[PDB]
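Data first, discussion second: the structure below is written as structure tokens.
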Amino acid sequence: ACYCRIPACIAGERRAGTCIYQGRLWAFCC
């Protein structure tokens with residue numbers, strides 16, 4: 001699956017987009 005993450009994706013994951021949640025920008029990580 002993919003996961004909204006902050007501050008960044010786990011090494012090896014790809015930032016495939018972004019999430020907006022609780023007033024912050026998250027990386028959408030696949």
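The chain as shown is numbered from 1 upward.
Quick reminder: no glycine exception, Cβ is built from N, Cα and C everywhere.
Noted in Swiss-Prot for the protein shown:
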DISULFID  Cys2-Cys30  disulfide bond
DISULFID  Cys4-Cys19  disulfide bond
DISULFID  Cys9-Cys29  disulfide bond
MOD_RES   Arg14  ADP-ribosylarginine
MOD_RES   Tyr21  phosphotyrosine
MOD_RES   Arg24  ADP-ribosylarginine
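Features recorded in Swiss-Prot, as mapped to the structure shown.
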residue: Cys2; record: disulfide bond; Cβ neighbours (10 Å): 15
residue: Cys4; record: disulfide bond; Cβ neighbours (10 Å): 15
residue: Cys9; record: disulfide bond; Cβ neighbours (10 Å): 16
residue: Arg14; record: ADP-ribosylarginine; Cβ neighbours (10 Å): 11
residue: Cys19; record: disulfide bond; Cβ neighbours (10 Å): 16
residue: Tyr21; record: phosphotyrosine; Cβ neighbours (10 Å): 9
residue: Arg24; record: ADP-ribosylarginine; Cβ neighbours (10 Å): 10
residue: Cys29; record: disulfide bond; Cβ neighbours (10 Å): 20
residue: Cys30; record: disulfide bond; Cβ neighbours (10 Å): 12
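Here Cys2 (disulfide bond) is positioned 11 angstrom away from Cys19 (disulfide bond), judged by their C-alpha atoms. Among the recorded positions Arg14, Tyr21, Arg24, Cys29, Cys30, the residue whose Cα lies closest in space to that of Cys4 (disulfide bond) is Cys29. Closest by Cα distance to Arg24 (ADP-ribosylarginine), from the recorded positions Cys2, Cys9, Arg14, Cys30, is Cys9. Looking at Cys9 (disulfide bond) and the residue listed as 'phosphotyrosine', their Cα atoms lie 16 Å from each other. A distance of 15 Å separates the Cα atom of the residue listed as 'phosphotyrosine' from that of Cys29 (disulfide bond).
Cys19 (disulfide bond) falls within a strand segment according to DSSP. Between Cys2 (disulfide bond) and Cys29 (disulfide bond), the C-alpha separation comes to 5 Å.
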